[PDB]
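Heads up: the structure comes next, in structure tokens.
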Amino acid sequence: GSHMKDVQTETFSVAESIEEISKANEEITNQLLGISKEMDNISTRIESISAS
Amino acid sequence: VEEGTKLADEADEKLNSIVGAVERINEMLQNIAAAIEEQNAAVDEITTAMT
Numbered sequence: 094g095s096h097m098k099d100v101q102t103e104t105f106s107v108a109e110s111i112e113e114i115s116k117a118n119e120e121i122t123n124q125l126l127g128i129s130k131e132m133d134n135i136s137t138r139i140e141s142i143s144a145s
Numbered sequence: 009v010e011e012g013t014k015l016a017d018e019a020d021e022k023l024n025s026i027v028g029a030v031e032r033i034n035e036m037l038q039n040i041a042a043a044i045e046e047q048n049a050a051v052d053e054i055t056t057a058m059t
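Heads up: the sequence lines are chains D and B, in that order.
The number in our numbering is simply the position in the first sequence, starting from 1, with 93 added.
The number in our numbering is simply the position in the second sequence, starting from 1, with 8 added.
Okay, structure coming up:
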């Protein structure tokens, strides 16, 4: 298989890329949780400012 | 004595009218003293809020 010597170079590049995306979309999902909590802190505080 | 008793009976009425009138001033002044206790409670409520 002459061109399978290139199909490994291609499928290596996709396999190394997709595995970075797989932890990077977990790093983003973690950041979205931390933002959500901090917007809830802003939300909570603007209610205390409304009562003040 | 005719015009001494006339002016003195008018000075009686105009001075017994002061013993009520400056007591009516006093009654109003006790009512602004009572309002100062509310301003002190209210500014203490505003100060803990602004802090």
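Quick reminder that beta carbons are idealized off the backbone N, C-alpha and C, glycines included.
Taking only three categories from DSSP, how would you classify residue i?
i: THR59 of chain B; result: coil
i: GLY28 of chain B; result: helix
i: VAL51 of chain B; result: helix
i: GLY94 of chain D; result: coil
Which first and last residues belong to the alpha helix (DSSP H) in which residue i is found?
i: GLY127 of chain D; result: 97 to 144
Considering only heavy atoms of the ligand NAD, does any lie closer than 7 Å to the CB of residue i?
i: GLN38 of chain B; result: Here there are no bound small molecules, and the ligand NAD is not part of this structure.
When the Cα atoms are used, what is the spatial distance from residue i to residue j?
i: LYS14 of chain B; j: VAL27 of chain B; result: 21 Å
i: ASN48 of chain B; j: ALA29 of chain B; result: 30 Å
i: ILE44 of chain B; j: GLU10 of chain B; result: 52 Å
i: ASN123 of chain D; j: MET132 of chain D; result: 15 Å
i: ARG32 of chain B; j: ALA19 of chain B; result: 20 Å
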